[PDB]
Amino acid sequence: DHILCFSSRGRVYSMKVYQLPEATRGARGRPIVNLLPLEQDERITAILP
DNA sequence: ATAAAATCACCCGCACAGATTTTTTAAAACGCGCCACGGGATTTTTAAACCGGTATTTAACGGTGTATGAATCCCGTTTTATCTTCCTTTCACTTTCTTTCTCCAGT
């Protein structure tokens with residue numbers, strides 16, 4: 001499924017779910033700045049499948 | 001995949017020309033000293049100027065017949081102005097090594 005990510009400054013980005021990193025309960029994940037060209041303090045606040 | 005054409009390192013002995021490397025030698029220098037020489041003040045002697053006069057010796061002058069000085073044309077020689085260059089240098093970039101930070105599976 002496609003997901004639309006809305007940033008803290010009004011931007012919209014597109015991605016597919018399986019491109020997200022896979023991990024277990026003990027892990028903490030990976031930073032999202034690698035996946036999307038975000039700004040210095042821009043953050044994601046909404047996702048729409 | 002078939003044709004055309006090219007290039008370099010080392011080993012083994014021996015003789016000699018050229019390039020460092022010690023080694024010896026003659027010139028230049030320094031310190032100390034003494035006596036050979038030149039300055040200063042008398043005696044002595046002689047070189048040259050001056051009067052003669054005479055007896056030569058030179059230079060200026062008038063004809064002939066050359067040898068050379070200035071001018072021209074070249075070509076090897078050396079100077080000077082004018083190009084390219086390799087090492088020194090840093091320096092921003094890139095790469096590569098070393099330490100650290102987590103993940104994380106296992107018990």
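Values below: every heavy atom of this structure, side chains too, minus hydrogens, waters and symmetry copies. Each chain gets a letter, A, B and so on, in the order its sequence line appears, and its residues count up from 1.
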With sequence neighbours excluded, residues passing side chain to side chain contact (heavy atoms under 4.5 Å, CB included) with A/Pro31: A/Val33, A/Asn34

North or south sugar at B/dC11, going by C1'-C2'-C3'-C4' (positive north, negative south)? south

For B/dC8, the sugar region implied by its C1'-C2'-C3'-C4' torsion sign: north

Dot-bracket summary - DNA chain B, pairs being Watson-Crick or G-U whose distances fall under 3.5 Å, with | when paired to another strand: ...........................................................................................................

The sugar pucker of B/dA9, read from the sign of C1'-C2'-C3'-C4' where positive is north and negative south, is north

North or south for the sugar of B/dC75? Use the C1'-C2'-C3'-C4' sign convention, positive meaning north. south

Would one find more than 12 heavy atoms of other residues, nucleotides or ligands at under 6.0 Å from atom CD of A/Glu22? no

Remaining members of A/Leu38's ILVMFWY cluster at a side-chain heavy-atom cut-off under 4.5 Å? A/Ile3, A/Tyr13, A/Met15, A/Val17, A/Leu20, A/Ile32, A/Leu35, A/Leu36, A/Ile44, A/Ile47

Examine B/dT23 and say whether its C1'-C2'-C3'-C4' torsion places the sugar north (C3'-endo side) or south (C2'-endo side). south

Just jot down the salt bridge (charged side-chain N to carboxylate O under 4.0 Å, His left out) partners of A/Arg28, sequence neighbours excluded, or say none. none

Contact residues, residues 23-30 of chain A to DNA chain B [heavy atom, < 4.0 Å]: A/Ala27, A/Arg28

For residues 40-49 of chain A, pull every pair meeting side chain to side chain donor-acceptor pair (under 3.5 Å), keeping only residues two or more places apart or in separate chains. A/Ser7-A/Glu42, A/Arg9-A/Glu42

So do the side chains of A/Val12 and A/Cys5 get within less than 4.5 Å of each other, counting heavy atoms only? no

